[PDB]
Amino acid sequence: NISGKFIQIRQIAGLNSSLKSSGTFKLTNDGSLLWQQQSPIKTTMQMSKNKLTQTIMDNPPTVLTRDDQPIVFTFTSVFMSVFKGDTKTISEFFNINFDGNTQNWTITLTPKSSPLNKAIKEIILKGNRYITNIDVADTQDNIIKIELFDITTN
């Protein structure tokens, strides 16, 4: 399994500040992701058996869908795919550009087609041994910037 920490910074066009959050993630032996936001408000996302669910604070969980939550759904799928090296699946949905080397690389993903290209402008991944940064730009001038750190494989 792979676990780590994240800081997320959301830059929304038209807001005069960025929205910051942070937490942990765990990729388990069985193809599951547990994403736990711990600050400033607790939320949890889980991908298990290709089902994506989210819990906000103590509220009941809901299912997130490709159709209604395309950016989150795609982020989560790409995240899992890159950690397991599954560029085959990524390539079904994205053009892939790779620049760099094992110590410093950047992967640029642009969507091949609709409907994904109605929601996502590009996803940029940067890293070394692991992903260190993920930027998700939508088609409406908003950008989510995620930093991953304290990643350990055990």
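Note that residue numbering follows the sequence shown and begins at 1.
- The stretch with the higher mean CA B factor, choosing between 115 to 123 and 29 to 37, is 29 to 37.
- Mean C-alpha B-factor is higher over 46 to 54 than over the other stretch, the pair under comparison being 105 to 113 and 46 to 54.
- Highest C-alpha temperature factor among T132, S21, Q140, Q11, as the PDB entry reports it: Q140.
- Remark: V63 belongs to the highest third of its chain, ranked by C-alpha B-factor as recorded.
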